[PDB]
Amino acid sequence: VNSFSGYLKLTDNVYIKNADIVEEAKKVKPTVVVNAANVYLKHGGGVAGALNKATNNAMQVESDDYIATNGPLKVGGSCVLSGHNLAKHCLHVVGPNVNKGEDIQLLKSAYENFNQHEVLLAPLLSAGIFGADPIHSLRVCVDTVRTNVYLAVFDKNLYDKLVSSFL
Ligand SMILES: c1cc(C2CCNCC2)n[nH]1
């Protein structure tokens, strides 16, 4: 048993809810929250901007030190940093950004990072301002992630479309 509430079960391991991931993280304090990161860990907008704002910019301060030491992530890659006030850990995962012309085949590689963690609270990778089709992102998630993933979908309209179109 875990503390996640109100989720619809899609598969053995994947769960979904219409929720603000920031508010969900604050309530649950999961072991791992996933950030929709870019390779520079510049948390300006989308899910990353919202998570970073909720940490009072401490996520960005930690991230800048990480980049100064290690250099940028790979598209499809990840790093584990603090979860600050939201979670124990934040898994910063870089899905391909269609609005920058990145290979959508890298979305599967991105989701493979989730398999290193037994339970995660996550957004749909490459959705929102990253420009991918969220229906596609959910299919790749279900067909790639084997650990237990709790997906938060901010937009109620999109949530209902994801559920009603799910195969
Ligand atoms: C040597 C050092 C590492 C670090 C692992 C923790 N954070 C990123 C770099 N990998 N290989």
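What's counted below: heavy atoms across the whole structure, side chains too, no hydrogens, waters or symmetry copies. The first residue of the sequence shown is numbered 1, and numbering continues consecutively from there.
A donor-acceptor contact shorter than 3.5 Å links the side chain of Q60 to the backbone of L41. Checked by atom type and distance alone, the side chain of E102 never pairs as donor or acceptor with a backbone atom of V75 at under 3.5 Å. One N or O on the side chain of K17 and one on the backbone of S5 form a donor-acceptor pair closer than 3.5 Å. Between the side chain of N113 and the main chain of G76, a donor-acceptor pair closer than 3.5 Å is present. A donor-acceptor pair under 3.5 Å is formed between the side chain of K9 and the backbone N or O of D12. The backbone N or O of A58 lies less than 3.5 Å from no partner atom in the side chain of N56, so there is not a single donor-acceptor pair. When atom types are taken as modelled, the side chain of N18 and the backbone of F154 share a donor-acceptor pair closer than 3.5 angstrom.
No more than 12 heavy atoms of other residues, nucleotides or ligands sit less than 6.0 Å from atom CG of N157.
Annotation for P30 and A25: closest pair CD-O, 3.7 Å, computed over non-hydrogen atoms. Contact record, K74 with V39: C-CG1, 3.9 Å, taken as the closest heavy-atom pair. For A87 against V33, the heavy-atom pair with the smallest separation is CB-CG1, 3.6 Å. Closest heavy-atom contact between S82 and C90: O-CB, 3.4 Å. Minimum heavy-atom separation, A19 to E24: CB-OE1, 4.2 Å.
Every residue meeting the side-chain contact (heavy atoms from CB on, under 4.5 Å) condition with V98, not counting sequence neighbours, appears here in chain and number order: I104, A132.
Taking 4.5 Å as the limit, some side-chain heavy atom of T55 sits within range of a side-chain heavy atom of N52. A heavy-atom distance below 4.5 Å is found between the side chains of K161 and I135. Put simply, the side chain of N148 does not reach to within 4.5 Å of the side chain of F4, judged on heavy atoms. With contacts defined as side-chain heavy-atom distances shorter than 4.5 Å, the pair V142/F166 qualifies. In this structure, the side chains of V47 and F130 stay at 4.5 Å or more apart for every pair of heavy atoms.
Atom CG of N38 sits about 8.5 Å away from atom CG of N97, to the nearest 0.5 Å. Atom NE2 of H136 and atom SG of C141 lie 11.5 Å apart (nearest 0.5 Å).
Put simply, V145 and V94 are part of two different groups of oily side chains (I, L, V, M, F, W, Y) that touch within less than 4.5 Å, one to the next. By the criterion of side-chain heavy atoms lying less than 4.5 angstrom apart, applied directly or through intervening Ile, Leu, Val, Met, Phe, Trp or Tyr residues, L107 is grouped together with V153 in one hydrophobic cluster. Cluster membership for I67 and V61, using ILVMFWY side-chain heavy atoms within less than 4.5 angstrom, is not shared. Connection of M59 to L81 is not established within any shared hydrophobic cluster, with ILVMFWY side chains joined at heavy-atom distances below 4.5 Å, either directly or through further cluster members.
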Chi angles and distances behind the side-chain contact (heavy atoms from CB on, under 4.5 Å) call for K26, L86: CA-CA 5 Å; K26 282 200 289 195; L86 304 179; 3.8 Å; yes
Full working for side-chain contact (heavy atoms from CB on, under 4.5 Å) between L73 and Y66: CA-CA 10 Å; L73 300 176; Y66 173 88; 3.5 Å; yes
Audit row: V149, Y111, side-chain contact (heavy atoms from CB on, under 4.5 Å) steps and yes/no: CA-CA 11 Å; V149 56; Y111 273 116; over 6 Å; no
Candidate pair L51 and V22, rule side-chain contact (heavy atoms from CB on, under 4.5 Å), full reasoning: CA-CA 6 Å; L51 291 171; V22 170; 4.1 Å; yes
Which donor-acceptor pairs under 3.5 Å do the side chains of residues 114-129 make with protein atoms, sequence neighbours left out?
residue, atom, partner, partner atom, Å
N115, OD1, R146, N, 2.8
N115, ND2, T144, O, 3.1
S126, OG, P96, O, 2.7

